[PDB]
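To be precise, the following lines are query.tsv, and they hold TSV, C-alpha atoms and all ligand atoms.
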chain	number	residue	atom	x	y	z
Y	25	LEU	CA	120.74	1.47	7.64
Y	26	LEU	CA	117.90	1.27	5.12
Y	27	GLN	CA	114.43	0.54	6.49
Y	28	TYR	CA	112.18	-1.67	4.39
Y	29	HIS	CA	109.09	-3.81	4.86
Y	30	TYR	CA	106.99	-5.87	2.46
Y	31	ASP	CA	103.41	-7.13	2.56
Y	32	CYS	CA	101.70	-10.02	0.80
Y	33	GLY	CA	98.24	-9.42	-0.57
Y	34	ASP	CA	95.60	-11.40	-2.40
Y	35	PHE	CA	96.69	-10.53	-5.95
Y	36	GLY	CA	100.19	-9.14	-5.46
Y	37	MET	CA	102.94	-8.08	-3.10
Y	38	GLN	CA	104.04	-4.63	-1.95
Y	39	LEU	CA	107.51	-3.56	-0.78
Y	40	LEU	CA	107.92	-0.31	1.17
Y	41	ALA	CA	111.37	1.29	1.47
Y	42	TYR	CA	112.33	4.37	3.50
Y	43	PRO	CA	115.81	5.61	2.54
Y	44	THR	CA	117.97	7.84	4.70
Y	45	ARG	CA	117.46	11.60	4.52
Y	46	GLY	CA	118.65	13.06	1.22
Y	47	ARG	CA	119.32	9.63	-0.28
Y	48	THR	CA	117.40	7.83	-3.01
Y	49	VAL	CA	116.77	4.21	-3.98
Y	50	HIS	CA	117.02	2.44	-7.32
Y	51	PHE	CA	114.87	-0.64	-7.84
Y	52	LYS	CA	115.96	-3.54	-9.99
Y	53	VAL	CA	114.20	-6.88	-10.23
Y	54	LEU	CA	116.45	-9.96	-10.36
Y	55	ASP	CA	115.81	-13.07	-12.39
Y	56	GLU	CA	117.40	-16.38	-11.39
Y	57	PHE	CA	120.33	-15.71	-13.76
Y	58	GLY	CA	121.29	-12.48	-11.99
Y	59	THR	CA	119.91	-10.05	-14.57
Y	60	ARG	CA	118.70	-6.77	-13.07
Y	61	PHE	CA	115.51	-5.34	-14.59
Y	62	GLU	CA	114.74	-1.66	-14.23
Y	63	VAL	CA	111.13	-0.98	-13.21
Y	64	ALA	CA	109.29	1.35	-15.59
Y	65	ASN	CA	106.11	3.42	-15.56
Y	66	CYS	CA	104.35	1.74	-18.50
Y	67	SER	CA	105.20	-1.92	-19.04
Y	68	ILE	CA	103.64	-5.36	-19.47
Y	69	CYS	CA	105.36	-6.81	-16.41
Y	70	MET	CA	102.77	-5.74	-13.79
Y	71	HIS	CA	105.19	-3.94	-11.49
Y	72	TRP	CA	105.11	-0.28	-10.46
Y	73	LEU	CA	107.08	2.31	-8.47
Y	74	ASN	CA	105.39	5.11	-6.53
Y	75	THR	CA	106.19	7.60	-3.77
Y	76	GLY	CA	103.81	7.81	-0.81
Y	77	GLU	CA	102.73	10.96	0.99
Y	78	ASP	CA	105.78	10.32	3.17
Y	79	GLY	CA	109.28	9.96	1.72
Y	80	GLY	CA	108.76	6.23	1.22
Y	81	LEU	CA	108.97	4.42	-2.11
Y	82	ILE	CA	106.31	1.82	-2.92
Y	83	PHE	CA	107.07	-1.14	-5.19
Y	84	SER	CA	104.03	-3.14	-6.32
Y	85	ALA	CA	104.22	-6.49	-8.11
Y	86	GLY	CA	101.36	-8.69	-9.27
Y	87	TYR	CA	101.65	-12.39	-8.47
Y	88	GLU	CA	101.18	-13.15	-12.19
Y	89	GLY	CA	103.88	-10.70	-13.29
Y	90	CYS	CA	107.07	-11.30	-15.23
Y	91	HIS	CA	109.68	-12.33	-12.67
Y	92	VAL	CA	107.44	-13.72	-9.94
Y	93	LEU	CA	108.32	-17.41	-9.66
Y	94	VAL	CA	106.64	-20.34	-7.94
Y	95	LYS	CA	109.09	-22.33	-5.80
Y	96	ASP	CA	108.02	-24.90	-3.20
Y	97	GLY	CA	104.41	-23.71	-3.41
Y	98	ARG	CA	105.08	-20.02	-2.70
Y	99	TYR	CA	105.36	-16.88	-4.80
Y	100	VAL	CA	108.94	-15.58	-4.66
Y	101	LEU	CA	110.35	-12.31	-6.01
Y	102	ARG	CA	113.93	-11.06	-5.63
Y	103	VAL	CA	114.53	-7.30	-5.69
Y	104	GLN	CA	117.74	-5.27	-5.35
Y	105	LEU	CA	117.68	-1.91	-3.54
Y	106	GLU	CA	120.35	0.65	-4.47
Y	107	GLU	CA	120.61	3.29	-1.75
Y	108	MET	CA	122.26	6.23	-3.51
Y	109	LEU	CA	123.74	9.63	-2.67
Y	110	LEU	CA	122.91	12.84	-4.51
Y	111	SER	CA	126.31	12.62	-6.21
Y	112	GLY	CA	125.17	9.41	-7.92
Y	113	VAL	CA	127.29	6.96	-5.91
Y	114	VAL	CA	125.87	3.73	-4.48
Y	115	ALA	CA	126.07	4.03	-0.70
Y	116	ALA	CA	124.75	0.48	-0.18
Y	117	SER	CA	123.01	-2.35	-2.00
Y	118	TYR	CA	120.39	-4.60	-0.41
Y	119	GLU	CA	118.87	-7.77	-1.84
Y	120	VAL	CA	115.36	-8.66	-0.67
Y	121	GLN	CA	113.52	-11.93	-1.29
Y	122	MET	CA	109.74	-11.51	-1.10
Y	123	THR	CA	107.95	-14.74	-0.17
Y	124	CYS	CA	104.17	-15.09	-0.22
Y	125	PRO	CA	101.89	-18.14	0.21
Y	126	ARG	CA	99.87	-19.68	-2.62
Y	127	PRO	CA	97.47	-22.64	-3.14
L	23	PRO	CA	79.49	20.47	-2.42
L	24	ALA	CA	80.49	17.17	-4.09
L	25	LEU	CA	77.94	16.75	-6.90
L	26	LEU	CA	80.10	15.33	-9.69
L	27	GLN	CA	78.12	13.23	-12.16
L	28	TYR	CA	79.81	10.05	-13.37
L	29	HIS	CA	78.90	6.61	-14.67
L	30	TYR	CA	80.71	3.68	-16.22
L	31	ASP	CA	79.84	1.48	-19.19
L	32	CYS	CA	80.88	-2.11	-19.82
L	33	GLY	CA	81.99	-3.00	-23.35
L	34	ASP	CA	83.38	-5.97	-25.29
L	35	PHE	CA	87.14	-5.57	-24.69
L	36	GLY	CA	87.11	-2.86	-22.04
L	37	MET	CA	85.09	-0.48	-19.94
L	38	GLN	CA	84.70	3.31	-20.00
L	39	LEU	CA	84.37	5.65	-17.03
L	40	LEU	CA	82.67	8.94	-17.88
L	41	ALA	CA	82.87	12.01	-15.67
L	42	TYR	CA	81.21	15.35	-16.39
L	43	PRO	CA	82.78	18.06	-14.23
L	44	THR	CA	81.05	21.39	-13.87
L	45	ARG	CA	82.10	25.03	-13.68
L	46	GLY	CA	85.38	24.68	-15.56
L	47	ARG	CA	86.65	21.84	-13.37
L	48	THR	CA	88.54	18.72	-14.41
L	49	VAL	CA	88.96	15.15	-13.20
L	50	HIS	CA	92.13	13.14	-12.63
L	51	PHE	CA	91.73	9.37	-12.37
L	52	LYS	CA	93.68	7.18	-9.96
L	53	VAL	CA	93.59	3.39	-9.77
L	54	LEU	CA	93.53	1.89	-6.27
L	55	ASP	CA	95.23	-1.43	-5.59
L	56	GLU	CA	94.46	-3.72	-2.66
L	57	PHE	CA	97.19	-1.99	-0.60
L	58	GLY	CA	95.55	1.44	-0.86
L	59	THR	CA	98.18	2.76	-3.27
L	60	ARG	CA	97.00	5.29	-5.86
L	61	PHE	CA	98.27	5.10	-9.46
L	62	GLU	CA	97.47	8.20	-11.50
L	63	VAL	CA	96.27	7.33	-14.98
L	64	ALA	CA	98.27	8.36	-18.04
L	65	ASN	CA	98.03	7.11	-21.62
L	66	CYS	CA	99.57	3.63	-21.56
L	67	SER	CA	98.75	1.29	-24.44
L	68	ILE	CA	100.61	-1.68	-22.96
L	69	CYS	CA	98.53	-1.36	-19.76
L	70	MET	CA	95.39	-0.68	-21.85
L	71	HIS	CA	94.17	2.49	-20.23
L	72	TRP	CA	93.66	5.80	-21.99
L	73	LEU	CA	92.36	9.29	-21.26
L	74	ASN	CA	90.04	11.27	-23.51
L	75	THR	CA	87.86	14.36	-23.44
L	76	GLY	CA	84.77	13.97	-25.57
L	77	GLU	CA	83.44	16.63	-27.88
L	78	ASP	CA	81.30	17.55	-24.86
L	79	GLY	CA	82.78	18.51	-21.48
L	80	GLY	CA	83.06	14.88	-20.35
L	81	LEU	CA	86.30	13.20	-19.33
L	82	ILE	CA	86.68	9.57	-20.43
L	83	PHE	CA	88.82	6.93	-18.74
L	84	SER	CA	89.00	3.77	-20.85
L	85	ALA	CA	90.42	0.52	-19.47
L	86	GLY	CA	90.75	-2.72	-21.38
L	87	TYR	CA	89.47	-5.78	-19.53
L	88	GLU	CA	92.91	-7.37	-19.90
L	89	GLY	CA	94.73	-4.27	-18.64
L	90	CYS	CA	97.34	-4.56	-15.93
L	91	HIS	CA	95.44	-3.06	-12.94
L	92	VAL	CA	92.30	-5.07	-13.77
L	93	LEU	CA	91.50	-8.07	-11.57
L	94	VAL	CA	89.13	-11.01	-11.95
L	95	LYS	CA	86.88	-11.40	-8.90
L	96	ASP	CA	83.81	-13.67	-8.85
L	97	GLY	CA	84.08	-14.09	-12.60
L	98	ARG	CA	83.97	-10.33	-13.18
L	99	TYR	CA	86.52	-7.73	-14.21
L	100	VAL	CA	86.99	-5.30	-11.31
L	101	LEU	CA	88.80	-1.96	-11.16
L	102	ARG	CA	88.63	0.40	-8.20
L	103	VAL	CA	89.06	4.03	-9.25
L	104	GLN	CA	89.31	7.30	-7.36
L	105	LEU	CA	87.96	10.40	-9.09
L	106	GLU	CA	89.65	13.64	-8.06
L	107	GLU	CA	87.49	16.62	-8.97
L	108	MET	CA	89.99	19.43	-9.49
L	109	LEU	CA	90.11	23.12	-10.24
L	110	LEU	CA	92.52	24.30	-12.92
L	111	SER	CA	94.80	25.52	-10.12
L	112	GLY	CA	95.42	21.86	-9.21
L	113	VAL	CA	93.46	21.64	-5.94
L	114	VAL	CA	91.19	18.67	-5.26
L	115	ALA	CA	87.67	19.93	-4.53
L	116	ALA	CA	86.33	16.41	-3.89
L	117	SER	CA	87.27	12.73	-4.15
L	118	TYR	CA	84.97	9.90	-5.23
L	119	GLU	CA	85.60	6.15	-5.03
L	120	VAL	CA	83.97	4.02	-7.72
L	121	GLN	CA	84.33	0.27	-8.21
L	122	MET	CA	83.88	-0.67	-11.85
L	123	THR	CA	82.59	-4.22	-12.20
L	124	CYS	CA	82.04	-5.74	-15.63
L	125	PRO	CA	79.90	-7.35	-16.79
L	126	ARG	CA	77.28	-5.72	-14.57
L	127	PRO	CA	75.88	-7.78	-11.63
Y	201	LIG	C1	106.43	8.13	-13.92
Y	201	LIG	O1	106.05	9.41	-14.43
Y	201	LIG	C2	106.07	10.46	-13.46
Y	201	LIG	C3	105.58	11.71	-14.15
Y	201	LIG	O2	104.88	11.39	-15.35
Y	201	LIG	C4	107.48	10.62	-12.89
Y	201	LIG	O3	107.46	11.60	-11.85
Y	201	LIG	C5	107.99	9.29	-12.34
Y	201	LIG	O4	109.35	9.42	-11.95
Y	201	LIG	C6	107.86	8.19	-13.39
Y	201	LIG	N1	108.27	6.91	-12.84
Y	201	LIG	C7	109.37	6.25	-13.22
Y	201	LIG	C8	110.20	6.92	-14.28
Y	201	LIG	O5	109.68	5.17	-12.74
Y	202	LIG	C1	95.64	9.19	-25.31
Y	202	LIG	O1	94.94	8.08	-25.87
Y	202	LIG	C2	93.68	8.43	-26.46
Y	202	LIG	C3	93.05	7.14	-26.94
Y	202	LIG	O2	93.96	6.40	-27.75
Y	202	LIG	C4	93.87	9.44	-27.59
Y	202	LIG	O3	92.59	9.86	-28.05
Y	202	LIG	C5	94.65	10.66	-27.10
Y	202	LIG	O4	94.97	11.51	-28.20
Y	202	LIG	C6	95.94	10.21	-26.41
Y	202	LIG	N1	96.77	11.33	-25.98
Y	202	LIG	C7	96.50	12.30	-25.09
Y	202	LIG	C8	95.16	12.27	-24.40
Y	202	LIG	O5	97.32	13.18	-24.84
Y	203	ZN	ZN	102.84	-5.17	6.82
Y	204	ZN	ZN	101.57	-7.41	9.68
Y	205	ZN	ZN	120.93	2.34	-10.44
Y	206	ZN	ZN	107.68	-7.71	-12.45
Y	207	ZN	ZN	77.50	5.79	-20.82
Y	208	ZN	ZN	79.72	-7.42	-29.13
Y	209	ZN	ZN	96.53	14.52	-10.98
Y	210	ZN	ZN	99.06	1.89	-15.36
Y	211	ZN	ZN	95.47	13.65	-5.74
Could you spell out this file's structure in structure tokens?
Amino acid sequence: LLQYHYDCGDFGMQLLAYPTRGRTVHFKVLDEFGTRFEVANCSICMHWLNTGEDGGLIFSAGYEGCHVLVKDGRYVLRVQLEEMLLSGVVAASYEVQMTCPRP
Amino acid sequence: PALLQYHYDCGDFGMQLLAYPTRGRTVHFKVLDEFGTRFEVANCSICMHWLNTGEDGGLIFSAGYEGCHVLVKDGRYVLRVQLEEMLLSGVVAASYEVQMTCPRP
């Protein structure tokens, strides 16, 4: 159902999500112990949430952020997407693993 | 007519971006990341960027060198900023892109 796409850059990674009409998405970052971290506007962790000129939600994460790990020579970040109805119910949950090369 | 006067200064722990809008206009600052995303600037002490209006009409955007949007490129702190010259109604009269590099090349 949910459409999403992520890009690797030089200093960070970007995840674009386009939820169904009249739905919304909740972002949580996952550490290796399953904790879910809410993304906030002003924080030390070098991750952000924004809404584009279209209905899409942009998640930015710097490679040197909090929960970005190095595993087998690649930056890896796990993010959970909560597609949600206007009543507040979770319609679906998606887990995405963002992999990006590194020296 | 896009004649906004602005300049940036490099300091010891951060840099300052000064804009002097004319005719009762104001400026909103947005940081640009490498993916073209725009982050509007609000007071955030943990990200080390602040907004001020001097005793004169100038609008000040301060950014600490170790702030979260700030990158190191060729041994220099680099921040790419969009200036939105705005009327008090909220409309953007003009947009300027400035790349703040410190220390100066
Ligand atoms: C950041 O703040 C803006 C307005 O200041 C708000 O619209 C947005 O939802 C906030 N982002 C969050 C809470 O993740
Ligand atoms: C924002 O931060 C600056 C610098 O610390 C301060 O002068 C100002 O009062 C703060 N609040 C605003 C602009 O609302
Ligand atoms: Zn892409
Ligand atoms: Zn591609
Ligand atoms: Zn939630
Ligand atoms: Zn993070
Ligand atoms: Zn100056
Ligand atoms: Zn000094
Ligand atoms: Zn604005
Ligand atoms: Zn910020
Ligand atoms: Zn704008």
Write out as a ChimeraX atom specification which residues come within 12 Å of range 30-34 of chain Y when counting all atoms listed in the file, dropping same-chain ones fewer than 3 positions away.
-> /Y:27,37-42,81-88,98-103,120-127 /L:55-58,93-95
Mind writing the picked residues with C-alpha atoms as a PDB file, keeping the file's coordinate frame?
ATOM      1  CA  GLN Y  27     114.430   0.540   6.490  1.00  0.00           C
ATOM      2  CA  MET Y  37     102.940  -8.080  -3.100  1.00  0.00           C
ATOM      3  CA  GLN Y  38     104.040  -4.630  -1.950  1.00  0.00           C
ATOM      4  CA  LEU Y  39     107.510  -3.560  -0.780  1.00  0.00           C
ATOM      5  CA  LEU Y  40     107.920  -0.310   1.170  1.00  0.00           C
ATOM      6  CA  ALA Y  41     111.370   1.290   1.470  1.00  0.00           C
ATOM      7  CA  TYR Y  42     112.330   4.370   3.500  1.00  0.00           C
ATOM      8  CA  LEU Y  81     108.970   4.420  -2.110  1.00  0.00           C
ATOM      9  CA  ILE Y  82     106.310   1.820  -2.920  1.00  0.00           C
ATOM     10  CA  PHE Y  83     107.070  -1.140  -5.190  1.00  0.00           C
ATOM     11  CA  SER Y  84     104.030  -3.140  -6.320  1.00  0.00           C
ATOM     12  CA  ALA Y  85     104.220  -6.490  -8.110  1.00  0.00           C
ATOM     13  CA  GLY Y  86     101.360  -8.690  -9.270  1.00  0.00           C
ATOM     14  CA  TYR Y  87     101.650 -12.390  -8.470  1.00  0.00           C
ATOM     15  CA  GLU Y  88     101.180 -13.150 -12.190  1.00  0.00           C
ATOM     16  CA  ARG Y  98     105.080 -20.020  -2.700  1.00  0.00           C
ATOM     17  CA  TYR Y  99     105.360 -16.880  -4.800  1.00  0.00           C
ATOM     18  CA  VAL Y 100     108.940 -15.580  -4.660  1.00  0.00           C
ATOM     19  CA  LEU Y 101     110.350 -12.310  -6.010  1.00  0.00           C
ATOM     20  CA  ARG Y 102     113.930 -11.060  -5.630  1.00  0.00           C
ATOM     21  CA  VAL Y 103     114.530  -7.300  -5.690  1.00  0.00           C
ATOM     22  CA  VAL Y 120     115.360  -8.660  -0.670  1.00  0.00           C
ATOM     23  CA  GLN Y 121     113.520 -11.930  -1.290  1.00  0.00           C
ATOM     24  CA  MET Y 122     109.740 -11.510  -1.100  1.00  0.00           C
ATOM     25  CA  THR Y 123     107.950 -14.740  -0.170  1.00  0.00           C
ATOM     26  CA  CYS Y 124     104.170 -15.090  -0.220  1.00  0.00           C
ATOM     27  CA  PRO Y 125     101.890 -18.140   0.210  1.00  0.00           C
ATOM     28  CA  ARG Y 126      99.870 -19.680  -2.620  1.00  0.00           C
ATOM     29  CA  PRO Y 127      97.470 -22.640  -3.140  1.00  0.00           C
TER      30      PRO Y 127
ATOM     31  CA  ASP L  55      95.230  -1.430  -5.590  1.00  0.00           C
ATOM     32  CA  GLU L  56      94.460  -3.720  -2.660  1.00  0.00           C
ATOM     33  CA  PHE L  57      97.190  -1.990  -0.600  1.00  0.00           C
ATOM     34  CA  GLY L  58      95.550   1.440  -0.860  1.00  0.00           C
ATOM     35  CA  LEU L  93      91.500  -8.070 -11.570  1.00  0.00           C
ATOM     36  CA  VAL L  94      89.130 -11.010 -11.950  1.00  0.00           C
ATOM     37  CA  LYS L  95      86.880 -11.400  -8.900  1.00  0.00           C
TER      38      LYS L  95
END
Set out as JSON lines a contact list for chain L and chain Y with a cut-off of 10 Å, giving each residue of chain L that qualifies its closest atom pair and distance in Å to one decimal, counting only C-alpha atoms, ordered by chain and rising residue number.
{"residue": "L:55", "atom": "CA", "partner": "Y:84", "partner_atom": "CA", "distance": 9.0}
{"residue": "L:56", "atom": "CA", "partner": "Y:33", "partner_atom": "CA", "distance": 7.2}
{"residue": "L:57", "atom": "CA", "partner": "Y:38", "partner_atom": "CA", "distance": 7.5}
{"residue": "L:59", "atom": "CA", "partner": "Y:76", "partner_atom": "CA", "distance": 8.0}
{"residue": "L:60", "atom": "CA", "partner": "Y:74", "partner_atom": "CA", "distance": 8.4}
{"residue": "L:61", "atom": "CA", "partner": "Y:74", "partner_atom": "CA", "distance": 7.7}
{"residue": "L:62", "atom": "CA", "partner": "Y:74", "partner_atom": "CA", "distance": 9.8}
{"residue": "L:64", "atom": "CA", "partner": "Y:66", "partner_atom": "CA", "distance": 9.0}
{"residue": "L:65", "atom": "CA", "partner": "Y:66", "partner_atom": "CA", "distance": 8.9}
{"residue": "L:66", "atom": "CA", "partner": "Y:66", "partner_atom": "CA", "distance": 6.0}
{"residue": "L:67", "atom": "CA", "partner": "Y:66", "partner_atom": "CA", "distance": 8.2}
{"residue": "L:68", "atom": "CA", "partner": "Y:68", "partner_atom": "CA", "distance": 5.9}
{"residue": "L:69", "atom": "CA", "partner": "Y:68", "partner_atom": "CA", "distance": 6.5}
{"residue": "L:70", "atom": "CA", "partner": "Y:68", "partner_atom": "CA", "distance": 9.8}
{"residue": "L:89", "atom": "CA", "partner": "Y:68", "partner_atom": "CA", "distance": 9.0}
{"residue": "L:90", "atom": "CA", "partner": "Y:70", "partner_atom": "CA", "distance": 6.0}
{"residue": "L:91", "atom": "CA", "partner": "Y:70", "partner_atom": "CA", "distance": 7.9}
{"residue": "L:93", "atom": "CA", "partner": "Y:35", "partner_atom": "CA", "distance": 8.0}
{"residue": "L:94", "atom": "CA", "partner": "Y:35", "partner_atom": "CA", "distance": 9.7}
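Taking CA of residue 48 in chain Y and atom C3 of ligand LIG 201 (chain Y) as endpoints, the distance between them is 16.7 Å.
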Please, which residues are within 7 Å of (86.4, 20.0, -3.1) by the file's coordinates, counting all atoms listed in the file, and could they come as number ranges by chain?
-> L: 23-24, 107, 114-116
Mind listing as a list in words all residues within 12 Å of (116.9, 10.0, 8.1), counting only C-alpha atoms?
->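 Collected hits near the coordinates: residues 25, 26, 27, 42, 43, 44, 45, 46, 47, 48, 79 and 80 of chain Y.
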If we count all atoms listed in the file, what is near residue 118 in chain L at a cut-off of 8 Å, once residues fewer than 4 positions away on the same chain are taken out, given as a PyMOL selection string?
-> chain L and resi 104-106
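Restricting the calculation to only C-alpha atoms and all ligand atoms, the smallest distance between ligand LIG 201 (chain Y) and any of L:73, L:32, L:101, L:63 is found for L:63.
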For residue 42 in chain L, which residue among L:78, L:88, L:96, L:119 is the nearest when counting all atoms listed in the file?
->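 Between L:78, L:88, L:96, L:119, the residue approaching residue 42 in chain L most closely is L:78.
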L:71, L:124, L:52, L:28: which is nearest residue 84 in chain L, counting all atoms listed in the file?
-> L:71
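Among Y:92, Y:113, Y:108, Y:64, the residue with the shortest atom-to-atom distance to ligand ZN 210 (chain Y), counting only C-alpha atoms and all ligand atoms, is Y:64.
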Taking all atoms listed in the file into account, which residues are within 9 Å of ligand ZN 205 (chain Y), as a list in words?
-> residues 49, 50, 51, 52, 62, 105, 106, 107, 108, 112 and 114 of chain Y
Which distance in Å separates atom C7 of ligand LIG 202 (chain Y) and CA of residue 50 in chain L, to one decimal?
->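 Between atom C7 of ligand LIG 202 (chain Y) and CA of residue 50 in chain L the gap is 13.2 Å.
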Can you tell me, as a list in words, what residues are no more than 8 Å from residue 123 in chain L when counting only C-alpha atoms, ignoring any on the same chain fewer than 6 positions away?
->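 Non-adjacent residues within range: residues 98, 99, 100 and 101 of chain L.
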What is the CA of residue 76 in chain L-atom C2 of ligand LIG 201 (chain Y) distance in Å, reported with one decimal?
-> 24.8 Å
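Closest to ligand ZN 211 (chain Y) among Y:28, Y:96, Y:56, Y:77 is Y:77, based on only C-alpha atoms and all ligand atoms.
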If I wrap all listed atoms of range 59-63 of chain Y in a box with edges along x, y and z and add 5 Å on each side, what are its centre and edge lengths in Å to one decimal, as lines of an AutoDock Vina configuration file?
center_x = 115.5
center_y = -5.5
center_z = -13.8
size_x = 18.8
size_y = 19.1
size_z = 11.5
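Comparing L:108, L:121, L:82, L:97 by their smallest distance to residue 44 in chain L, the closest is L:108 (using only C-alpha atoms).
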